[PDB]
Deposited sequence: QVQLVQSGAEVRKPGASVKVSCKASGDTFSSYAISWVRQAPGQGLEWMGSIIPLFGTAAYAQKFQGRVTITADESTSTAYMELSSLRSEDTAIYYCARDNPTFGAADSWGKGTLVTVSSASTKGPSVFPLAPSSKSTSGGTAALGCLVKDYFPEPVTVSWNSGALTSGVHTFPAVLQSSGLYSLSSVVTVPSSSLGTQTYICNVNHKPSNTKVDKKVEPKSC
């Protein structure tokens, strides 16, 4: 119902423009709102257009650097945010404010927008070396930008797997970790990863012998 544009990466001080296409019935007697959510933070409203009127209302903290447009001929809603800063990195959604309810019923998938001065680079994988079950895993470090999909044995192992959220190091890159808990007693384990922005996919084994 609500299709948005792909993920984007910008540098601070620069701008971005995110699209969101809706149906023709939406651009007639409905409204579209743009809400963002920083990783771990709460929902934060930004602005909304009433497309049949052309009116718009923005937030106070964003007043002056946010611009939302919408063309009814293509039934697409655009959101432009200027003067980007590091804290602007968040997942931006577009929802359809339904006036009869006084709420937003349909939502979009969300867009990954990162405001950083780093360049797109591939990660670096290193093995984490292990009547009690042992612990084994891998380390996903030094990649930009999010995200990284982690799978074990090409997705054949799922019990006891814990893929942790990625932290933002002081260097500006992301570091992620994933582990598994298997018994002591033979079979090999290969952690599989794929970084879509860098278009890189690597598979690393773990064979620590004590």
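Undergrad: Where along the deposited sequence are residues missing from the model?
TA: Counting from residue 1, the stretches without coordinates are 1-2, 133-138, 194-196, 222.
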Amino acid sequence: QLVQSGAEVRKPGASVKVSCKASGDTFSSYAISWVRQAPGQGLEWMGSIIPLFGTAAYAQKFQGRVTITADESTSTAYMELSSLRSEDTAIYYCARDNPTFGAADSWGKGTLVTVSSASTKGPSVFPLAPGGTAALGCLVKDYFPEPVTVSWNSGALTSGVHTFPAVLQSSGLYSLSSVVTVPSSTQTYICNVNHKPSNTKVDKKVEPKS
From here on, numbers count along this sequence of modelled residues.
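Undergrad: Compare the mean C-alpha B-factor of 88-96 with that of 113-121 as given in the PDB entry, and name the stretch with the higher value.
TA: According to the entry, 113-121 carries the higher average C-alpha B-factor.
Undergrad: Compare the mean C-alpha B-factor of 43-51 with that of 153-161 as given in the PDB entry, and name the stretch with the higher value.
TA: Looking at the recorded C-alpha B-factors, 153-161 comes out higher on average.
Undergrad: For the CA B factor values reported in this entry, which option in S28, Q63, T69, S175 has the top one?
TA: Out of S28, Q63, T69, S175, the record gives the largest C-alpha B-factor to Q63.
Undergrad: When the modelled residues of the chain are sorted by Cα temperature factor, does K17 land in the lowest, middle or highest third?
TA: Middle third - that is where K17 ends up once the chain's C-alpha B-factors are sorted.
Undergrad: Can you tell me which third, lowest, middle or highest, the CA B-factor of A57 falls into for its chain?
TA: CA B-factor rank for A57: lowest third.
Undergrad: Taking the entry's C-alpha B-factors for this chain, is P127 in the lowest, middle or highest third?
TA: CA B-factor rank for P127: middle third.
Undergrad: Against its chain's modelled residues, does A104's Cα B factor rank lowest, middle or highest third?
TA: Lowest third, going by the recorded CA B-factors of the chain.
Undergrad: Would the CA B-factor of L136 place it in the lowest, middle or highest third of its chain?
TA: Ranked within chain, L136 CA B lands in the highest tercile.
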